[PDB]
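Written below as structure tokens is the structure these notes are about.
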Amino acid sequence: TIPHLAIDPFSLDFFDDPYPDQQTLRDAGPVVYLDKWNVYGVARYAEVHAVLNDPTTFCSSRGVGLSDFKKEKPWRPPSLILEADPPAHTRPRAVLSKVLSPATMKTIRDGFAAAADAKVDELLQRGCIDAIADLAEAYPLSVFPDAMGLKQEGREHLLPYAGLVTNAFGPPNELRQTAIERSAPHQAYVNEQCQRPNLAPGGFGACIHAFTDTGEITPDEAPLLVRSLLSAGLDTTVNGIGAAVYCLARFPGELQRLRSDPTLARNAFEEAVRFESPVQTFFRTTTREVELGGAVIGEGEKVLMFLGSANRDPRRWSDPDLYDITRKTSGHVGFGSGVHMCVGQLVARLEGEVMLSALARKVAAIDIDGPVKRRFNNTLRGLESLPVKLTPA
Ligand code: HEM
Ligand SMILES: COc1ccc(C(=O)O)cc1
């Protein structure tokens, strides 16, 4: 009853151009079996949404990567939020929700916006820049580590540690094994900065530790919650901002709409998250036999959710392969859905918004003027290099 496919969604050929194979996965049926890795897959919006919103049946505590924590030891101590289920997930989640809350955004927005304006001013003096290294990477690195309260030394470990985390979600292919092989210095730095004395007052890290006396988390749980923000707080924001610039360069008509109304900046970034989905995939593990889209899945089975495919499913979206900055993006799963829905989504949206705002007000044209190079990652989609010429407005 279940179609079996040989598509490897963690192969370089798939990463290079995933959209044909994603249509093949969607159109084969609501539930497929991927013979390459012995996992079930769901690529349509309907099933991805249903799986995300049943955390009891499709749990996260056995890992959201390929590895089943009931069978293999995790490569690091499990995340207290990403790799936990309710009720254990609930109170650590509440702490991170308050640390990255709407009220918190008010305290950082002025500085985040000023740094975005300053970066675009700087890039316009150069003219021809690399929109990844010089913009999508440079800007989040200039605001988020400071907002965490991290010292200056050792920050070069942050993006390599994130690449380790996201490649480690994948199967034991070369991308994963090579990341783990080189991991030791990046893990050592990150684990050390999670300790309370190393986090500057007022920052995200210090605020997590401050919650340890409310009864929501214990003192020994605070370092791992800081670890979550150091794991996830940068790489997808980089990829999302790079995706947005990529979209505005490929769809000049949408840049012109954004220039004419800079208040479209927030939705232009949200549409970029739907369109290029920085997080392509996450796994769940069945806790029981379950019927999903007319398919019977046994207990203890890994289910691969194609978030990027769900965000381009024509059963849900009109013209899904068009970048439309006034699209009603509500309901896309680029940040997930349900109880694990990205707790740092307000930070990512703030950075994306103020950067696209600076571009909307300061830049007249964005033209690719060099070879575009893709970055390969078992879990993330993003660019390695995006040479563009910025023309001032
Ligand atoms: C464009 C940027 C981002 C994207 C596309 C993204 C994507 C996602 C997705 C899809 C999930 C769901 C995980 C699941 O369902 O298993 C998630 C969760 C999470 N994200 Fe993000 N994220 C982004 C930015 C951030 C930022 C900036 C932070 C921290 C400052 C962050 C921290 C987290 C954490 C801690 C979780 C776990 C939440 C939970 O398990 O309850 N992310 N993210
Ligand atoms: C890629 O998204 C995430 C989310 C959470 C974590 C974590 O909690 O460690 C890591 C990566």
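Residue indices begin at 1 and follow the sequence shown. These numbers come from the heavy atoms of this one structure, side chains and all, not from hydrogens, waters or symmetry mates.
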So does [Y] get a backbone contact from the side chain of [X], meaning a donor-acceptor N/O pair under 3.5 Å?
{"X": "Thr24", "Y": "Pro20", "value": "yes"}
{"X": "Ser142", "Y": "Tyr139", "value": "yes"}
{"X": "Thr286", "Y": "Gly300", "value": "yes"}
{"X": "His332", "Y": "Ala310", "value": "no"}
{"X": "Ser337", "Y": "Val333", "value": "no"}
{"X": "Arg227", "Y": "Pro77", "value": "yes"}
{"X": "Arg155", "Y": "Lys151", "value": "yes"}

Tell me, do [X] and [Y] make a side-chain contact under 4.5 Å, heavy atoms counted?
{"X": "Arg381", "Y": "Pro18", "value": "yes"}
{"X": "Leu52", "Y": "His49", "value": "no"}
{"X": "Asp324", "Y": "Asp319", "value": "no"}
{"X": "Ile217", "Y": "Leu80", "value": "no"}
{"X": "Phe282", "Y": "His340", "value": "no"}
{"X": "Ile325", "Y": "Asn267", "value": "no"}
{"X": "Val245", "Y": "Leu359", "value": "yes"}
{"X": "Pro30", "Y": "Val42", "value": "no"}

Ignoring hydrogens, what is the shortest heavy-atom contact between [X] and [Y]? Give both atom names and the distance.
{"X": "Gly242", "Y": "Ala136", "result": "N-CB, 3.5 Å"}
{"X": "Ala348", "Y": "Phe335", "result": "CB-CE2, 4.3 Å"}
{"X": "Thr212", "Y": "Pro219", "result": "CG2-CA, 3.7 Å"}
{"X": "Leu258", "Y": "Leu264", "result": "CD1-C, 3.9 Å"}
{"X": "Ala43", "Y": "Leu25", "result": "CB-CB, 3.8 Å"}
{"X": "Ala179", "Y": "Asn167", "result": "CB-CB, 4.1 Å"}

Is it true that [X] and [Y] fall in one hydrophobic cluster, defined by side-chain heavy atoms closer than 4.5 Å?
{"X": "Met105", "Y": "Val354", "answer": "yes"}
{"X": "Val343", "Y": "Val339", "answer": "no"}
{"X": "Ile108", "Y": "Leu141", "answer": "yes"}
{"X": "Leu350", "Y": "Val238", "answer": "no"}
{"X": "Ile81", "Y": "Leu346", "answer": "yes"}

Separation of [Y] [atom2] from [X] [atom1] (nearest 0.5 Å):
{"X": "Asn173", "Y": "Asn378", "atom1": "CG", "atom2": "CG", "result": "4.0 Å"}
{"X": "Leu225", "Y": "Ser79", "atom1": "CG", "atom2": "OG", "result": "7.5 Å"}
{"X": "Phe10", "Y": "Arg176", "atom1": "CZ", "atom2": "CZ", "result": "11.0 Å"}
{"X": "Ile368", "Y": "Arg250", "atom1": "CD1", "atom2": "CZ", "result": "7.5 Å"}
{"X": "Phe275", "Y": "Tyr246", "atom1": "CZ", "atom2": "OH", "result": "9.5 Å"}
{"X": "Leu356", "Y": "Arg266", "atom1": "CG", "atom2": "CZ", "result": "11.0 Å"}

Ring centroid separation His157 to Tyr161 under 6.0 Å: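 For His157 and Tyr161, the ring centres are not under 6.0 Å apart.
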is_close_aromatic(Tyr40, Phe58), centroid dist under 6.0 Å: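 No, the ring of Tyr40 stays outside the 6.0 Å limit from the ring of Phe58, centre to centre.
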Answer with yes or no whether the side chains of [Y] and [X] bring together a donor and an acceptor at under 3.5 Å.
{"X": "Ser11", "Y": "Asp13", "result": "no"}
{"X": "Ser67", "Y": "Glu72", "result": "yes"}
{"X": "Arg361", "Y": "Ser357", "result": "yes"}
{"X": "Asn191", "Y": "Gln187", "result": "no"}
{"X": "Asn239", "Y": "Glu276", "result": "no"}
{"X": "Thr391", "Y": "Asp367", "result": "no"}
{"X": "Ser101", "Y": "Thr104", "result": "yes"}
{"X": "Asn311", "Y": "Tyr45", "result": "no"}

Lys362, NZ atom: more than 12 neighbouring heavy atoms under 6.0 Å: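 Above 12, so yes.
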Verdict with supporting geometry, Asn377 and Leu175, side chain to side chain contact (heavy atoms under 4.5 Å, CB included): CA-CA 7 Å; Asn377 183 279; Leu175 274 169; 5.8 Å; no
Selection [range] - residue pairs positive for salt bridge (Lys or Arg N to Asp or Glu O under 4.0 Å), sequence neighbours left out:
{"range": "residues 326-339", "value": "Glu271-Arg327"}
{"range": "residues 90-107", "value": "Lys98-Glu216"}
{"range": "residues 37-55", "value": "none"}

Pair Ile132-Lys373, side chain to side chain contact (heavy atoms under 4.5 Å, CB included): steps then yes or no: CA-CA 10 Å; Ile132 302 310; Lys373 300 194 271 84; over 6 Å; no
Option from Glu301, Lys302, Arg62 for which side chain to side chain donor-acceptor pair (under 3.5 Å) with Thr285 holds: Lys302
Test side chain to side chain contact (heavy atoms under 4.5 Å, CB included) applied to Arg76 and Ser231, step by step: CA-CA 12 Å; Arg76 67 173 177 168; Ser231 300; 2.9 Å; yes
Test: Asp85 and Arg284 ion pair at under 4.0 Å: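 No, this pair does not count.
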Sidechain N-carboxylate O distance under 4.0 Å for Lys70, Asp68: no
Cation over ring face, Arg312 and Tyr19, 6.0 Å, 45°: yes
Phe306 and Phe14 aromatic ring geometry - parallel, tilted or perpendicular at 30°/60° bounds: tilted
Test side chain to side chain contact (heavy atoms under 4.5 Å, CB included) applied to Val226 and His209, step by step: CA-CA 8 Å; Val226 180; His209 284 273; 3.9 Å; yes
